[PDB]
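First comes the structure, then the notes that go with it.
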Amino acid sequence: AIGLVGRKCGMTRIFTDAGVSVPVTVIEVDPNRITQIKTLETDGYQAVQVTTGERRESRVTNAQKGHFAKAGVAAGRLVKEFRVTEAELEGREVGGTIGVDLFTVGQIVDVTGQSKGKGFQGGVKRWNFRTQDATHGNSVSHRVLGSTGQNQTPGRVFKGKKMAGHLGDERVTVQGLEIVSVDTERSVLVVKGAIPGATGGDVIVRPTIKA
Amino acid sequence: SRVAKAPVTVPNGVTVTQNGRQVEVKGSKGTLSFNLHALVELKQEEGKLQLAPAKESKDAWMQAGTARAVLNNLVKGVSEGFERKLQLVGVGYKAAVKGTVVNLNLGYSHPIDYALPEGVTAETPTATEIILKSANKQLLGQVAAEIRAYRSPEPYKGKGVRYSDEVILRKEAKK
Amino acid sequence: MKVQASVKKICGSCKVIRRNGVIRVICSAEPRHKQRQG
Amino acid sequence: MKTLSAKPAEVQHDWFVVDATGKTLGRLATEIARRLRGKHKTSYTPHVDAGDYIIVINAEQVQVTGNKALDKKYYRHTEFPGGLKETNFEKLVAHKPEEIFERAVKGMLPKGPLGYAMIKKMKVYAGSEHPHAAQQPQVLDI
RNA sequence: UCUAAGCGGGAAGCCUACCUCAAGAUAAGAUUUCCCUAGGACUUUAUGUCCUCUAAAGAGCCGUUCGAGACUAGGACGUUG
RNA sequence: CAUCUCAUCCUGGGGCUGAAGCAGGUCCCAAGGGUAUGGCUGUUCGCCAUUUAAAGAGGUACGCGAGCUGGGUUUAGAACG
RNA sequence: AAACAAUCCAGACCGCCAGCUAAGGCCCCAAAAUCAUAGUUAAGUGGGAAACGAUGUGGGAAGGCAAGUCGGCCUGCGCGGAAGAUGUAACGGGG
Ligand SMILES: [Mg+2]
Ligand SMILES: [Mg+2]
Ligand SMILES: [Mg+2]
Ligand SMILES: [Mg+2]
Ligand SMILES: [Mg+2]
Ligand SMILES: [Mg+2]
Ligand SMILES: [Mg+2]
Ligand SMILES: [Mg+2]
Ligand SMILES: [Mg+2]
Ligand SMILES: [Mg+2]
Ligand SMILES: [Mg+2]
Ligand SMILES: [Mg+2]
Ligand SMILES: [Mg+2]
Ligand SMILES: [Zn+2]
C-alpha cells in the first residue's frame, strides 16, 4: 500500500446539491519526493522511501545531506517508508514525485496520525470507570480505583490491570473514510469525518486494508 | 485371508511396472498407480498377479489382502471402466451438465454447480438422472458422494438425490 | 446417537464396531440404535 | 601430588557437524549435551567449560516414535492472567526446528551461568547448509 | 465395515488475518549516508606507557517556546531568524 | 474493580426423535464474546411488574473495609412480652 | 524416598584428595550398564479411580460340525467408564 504524507489543516463542511452537510477534514499535501527504493536483493523487502516538506540547511546534518544528495531531491522535514509490491513498484524511481492524483473521488482510505496528548489521567477518563457515591457518607473516595485484586490467592496484582497513567499521544489509524474532493491546483485532499491529531500534525493516507 | 492367496486375471494391453514401491497400470481407459506397503511381495506369471506376505505375520496377510483388492480394481477398470447413476426425486430438481461442469437445481435460492475432477466424466440422458463414468473407482465413489451430499434423500417423501441401488428408509407423519 | 458406558446389540441387525479406540454399534435397519461408548 | 583443575586458558574447543536426518530426538540430545559439557575429555572439570562446538544440520528431519508427532505438547506462559499457549511437535518442527533442539538439549544441561555458556556452542540449522565453513568442522557420526 | 494401509468434508472455538507495541530478541539484527590518516621518546614487550600536536561528524549545556508535559522525555526555532 | 472453571443461559456445529412445516424434547462438541431495570425488605435469597437473543452455575479468606459504606448482628441508655 | 520429626538402610571421639559395601540405583541434569539372554505392552499404559461394557492382543486345558470353521471356559498385559476453578501441574524434569 503506497500512500501520501500530509498535514492536517483543519475541519470543514461541504453542502451537497441535495442539501446534506458533510463534515470534512482538509489535508494539505506538498508533493512527496522519492528518496530511496528498497528491494529484496539489498534489503530483504520492497519499500518506497519518501520525503516531504522543507528544511533549512543549517538543521540538516552532513549524513542526511549526503543521503538527500545521492538522489536529486531536496531535504524535507520528515522521511517515511511505504511497503509495496511490484505492479506497485512499477514506474517509481528516485527523483520521482507522488501527488494527490494517486487518489480518486469516492475511494475508501485509512488515515493514521498521532492523537492529542491528555497527560497523566485517571481511571474515569482512561478506562471509563464509574464513580462512587458523592454524598451518602462517602469519605474521600469519588474517582479512586476501588479494589485491585483478591485476598492472598493469588496474593498479587495481575498484569495488564487498568490503572491511572499517561493518555493520548499515540499512533492511531482510522479506517473506512471516503475521499470527497481531490483539488490538484491547491494540492489538497478532503476526506469525510474526523482524523487523529491536532491541526498541523503529520498524517498518512493510504488505500483501505479491508476493501 | 481368502482374498489374498488368489490371483487376478490381467488381460491384454494392461501393463504393470514396479520401479520402486510404486505399481502403475496402463490399459485403454487410462493410467493409474498404487504405492505398496513395505511387507508385500508381487510376482506375476504373465496375466496372473500374485500378492504374498513377507515374513508371514498377522499384519502382513491383512496388508496383502487389500494390496490385492485394490489393484484388482485398477486392472478391472483400466480396461472396463466403472459406471454410477444418480437420480433426482422431487418436482423442480433438475441437473444438466454444462460442458464439464454439472449444473443442478435442487430447491434452493441459488443454482448449484459442481466442477468435476479430471478423471470422471458425466453425461445426461434426461433431467432427473445423472451418469458418472470413470476408470478410478475410488474417485468415482467420491464424486457420487459429493454430489449426493447437496440434497441427501429425506424420509417423508423420498425427495432428494439418491443412488439408484440405494435403500431409503421411509416414514409417515401422522400425529 | 446414545452415549453410554454399557453399549451392546439390541436387534439382529446391530453390528459392533471399533473406530479409533471407541466401541460403537451401527444398525442398518433403524437408526435409533446407534450407540457410542463414552 | 594432587588433582588439578583444567585452566580455562588452556582449554581447546573443537568444531563438529552432526546430521539429524532420521534420528530419535532424545537419543541424539543426550550425546549432544555430553559433548557440550566435556565429559568425553580426561581434563573434565565440573566448574570449567571444557566442551566442544556442535553444528546440527537438517534439524527439520528429526524423528519421534509412537504418536508423539501429534501428541507431544509444548507450553508457554506470557505471564498475563490467562496466557498459557500450546503447540504441537509437528507444527513446531515445520515452523521453528531450532527451538525443538533448544528445549530438548537445554533441559539436559546444568542451570546457571556455566549452563547458559555451554548452550551457546550449539548451532542448529534447518537445511543442509551452515555458514561456519571457515571454522573447518569435522563430521561427527553420532 | 469411515481404518488397520491410503484419500476427503467439517464450528462464534485454535493458528493466521485487522489495530498497537516490540532487537536489553545479551542470538543485542539490516540498509543509506557522514567523520577521524601528527611527531618524539620508552619498557611490566603489548589493542603497553609517557610528553608536545590535534579536537572531526555529532551530542549536550544555555535561550525563545509548544496543540508535548508532574519532574523528565519529545517537537520547532536561536539574527543567513 | 475483577480473575478463573465448565457440570453451557444466548449465539455457533451436529446425532436421535412418538422430527410434515414453524416450533419443541434429549444427547454430543464448543468457554470467542455477551449475559436487564424497577416495587418490597438490612438482606444474600425470594415474590411481583415490565423488558431481553439471553437474564447460566460455580471457585477465588462464602474475591475485594491499610479501596468506600455501615442498614443487620454483637458494649455502655431506655421500654414491651 | 523430588522437597518430606514418626517410613527404608544405618547409630556421628577427632583427622585423611585411601579401600569394601547397605537401602536405593547405573540415557542426560547427577556418580555408576545406552550390559547380556528370553518374552509381553502400543495404551506415554508405565506416570491416579468402581460396578459394568467390548470380535484388543499373548498363553492353556477341552468340545460341535465337515480349505477349515463355530463359541465356551481358565488366564498375562492393555481399552472405555474418567468433569474445576492463577500456569503445563496425577514420571522432580528433559526426554
Ligand atoms: Mg498536552
Ligand atoms: Mg472521616
Ligand atoms: Mg467529598
Ligand atoms: Mg507465591
Ligand atoms: Mg462440555
Ligand atoms: Mg430484585
Ligand atoms: Mg416510592
Ligand atoms: Mg468475603
Ligand atoms: Mg448498625
Ligand atoms: Mg442496657
Ligand atoms: Mg535429600
Ligand atoms: Mg554419568
Ligand atoms: Mg541393550
Ligand atoms: Zn439394531
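Derivation of every value follows stated rules applied to the coordinates shown; laboratory data play no part. Cβ placement follows ideal geometry from the backbone for every residue including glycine, while neighbour counts extend to all protein chains displayed.
Quick notes on this one:
- Yes/no for A:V73 being among the hydrophobic types (A, V, I, L, M, F, W, C), part of a strand (DSSP E or B) and either crowded, with 18+ Cβ neighbours inside 10 Å or free of Cβ contacts under 8 Å to residues at least 60 places away in the same chain (or both): no
- The residue that is surrounded by the most Cβ atoms within 10 Å (Cβ to Cβ), counting only those in segment A:156-185 that are more than 14 Å from every other protein chain (Cβ to nearest Cβ) and either outside any strand (DSSP E or B) or among the basic types (K, R) (or both), is A:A164.
- Failed condition for B:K171, given (1) assigned to a loop (DSSP other than H, G, I, E, B); (2) more than 14 Å from every other protein chain (Cβ to nearest Cβ); (3) over 30 Å from B:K76 (Cα atoms): (2)
- In this entry, A:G6 passes the filter for residues that are surrounded by 12 or more Cβ atoms within 10 Å (Cβ to Cβ) and assigned to a strand (DSSP E or B).
- Flag if D:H40 is closer than 23 Å to D:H130 by Cα and in a loop (DSSP other than H, G, I, E, B): no
- Members of segment A:150-170 that are more than 16 Å from RNA strand E (Cβ to nearest atom) and more than 16 Å from A:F129 (Cα to Cα): A:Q150, A:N151, A:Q152, A:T153, A:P154, A:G155, A:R156, A:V157, A:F158
- Of the residues making up segment A:134-148, not a single one is in contact (Cβ under 8 Å) with a residue 40 or more places away in the chain and more than 14 Å from every other protein chain (Cβ to nearest Cβ).
- Residue that is nearest to D:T65 (Cα to Cα), among those in segment D:104-132 that are charged (D, E, K, R) and loosely packed, with under 14 Cβ neighbours inside 10 Å: D:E129
- Any hit, segment B:11-32, residues being without any contact (Cβ under 8 Å) to a residue 60 or more places away in the chain, closer than 21 Å to B:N136 by Cβ and among the basic types (K, R): yes
- Residue check, A:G95 within 15 Å of RNA strand E (Cβ to nearest atom) and assigned to a loop (DSSP other than H, G, I, E, B): yes
- Selection from segment C:18-38 of residues that are surrounded by fewer than 11 Cβ atoms within 10 Å (Cβ to Cβ) and either within 10 Å of RNA strand E (Cβ to nearest atom) or over 25 Å from B:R170 (Cβ atoms) (or both): C:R18, C:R19, C:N20, C:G21
- Some residue of segment A:113-120 being farther than 30 Å from A:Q49 by Cβ and within 16 Å of ligand 4 (Cβ to nearest atom): no
This table checks each residue for (1) in a loop (DSSP other than H, G, I, E, B); (2) touching a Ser or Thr at 6+ places or on another chain (Cβ under 7 Å); (3) within 30 Å of A:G197 (Cα to Cα).
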| position | (1), (2), (3) |
| --- | --- |
| A:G44 | yes, no, no |
| A:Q49 | no, yes, yes |
| A:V60 | yes, no, yes |
| A:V79 | no, yes, yes |
| A:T85 | yes, no, yes |
| A:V105 | yes, yes, yes |
| A:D110 | no, yes, yes |
| A:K125 | no, no, yes |
